[PDB]
Amino acid sequence: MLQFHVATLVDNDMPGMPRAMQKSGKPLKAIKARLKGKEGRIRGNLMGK
DNA sequence: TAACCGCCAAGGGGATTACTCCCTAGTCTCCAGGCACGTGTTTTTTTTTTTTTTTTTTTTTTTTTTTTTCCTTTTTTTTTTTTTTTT
């Protein structure tokens with residue numbers, strides 16, 4: 301479970317790995333979700349601020 | 001009905017004796033295939049690296065702008081206070 305919490309802190313988009321459960325019925329938004337994506341920290345905040 | 005026996009007749013060829021002769025038994029002497037020893041080159045086995053297709057993983061999906069709506073927990077177990085009954 302410690303490895304599960306560490307992995308979901310790092311990457312919650314890993315297939316074959318149980319998704320982290322948030323309080324509002326959503327998956328947890330990890331740091332990879334903050335960076336990778338069109339609306340991410342790179343494309344939506346550094347590329348397109 | 002001709003096997004078998006008795007009787008008679010005839011002849012054919014194996015046994016016997018002698019002479020010969022010739023092929024093998026025996027004995028040297030030279031030499032060469034038959035055999036004991038060593039080994040091989042194909043045959044099978046095992047690795048080794050690649051090949052080729054299948055399967056899985058992962059990442060991706062034009063940009064900008066303006067309005068609402070709903071939600072931003074919830075049941076389920078444990079605890080703690082309160083109230084009632086009894087001696």
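Quick note on PDB author numbering: the first sequence kicks off at 301 and runs consecutively. Where is the CB? At the ideal position from N, CA and C, for every residue including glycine.
Asked: Keeping to the same chain, check which residues put their C-beta closer than 7 Å to that of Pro327; ignore five residues upstream and five downstream.; Found: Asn312, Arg319, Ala320
Asked: What does the alpha-carbon distance come out to for the pair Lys323 and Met347?; Found: 32 Å
Asked: Assuming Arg334 and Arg341 make a contact with CB atoms under 8 Å, what is their CB distance in whole Å?; Found: 5 Å
Asked: Nearest CA to the CA of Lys336: which residue from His305, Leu302, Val310?; Found: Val310
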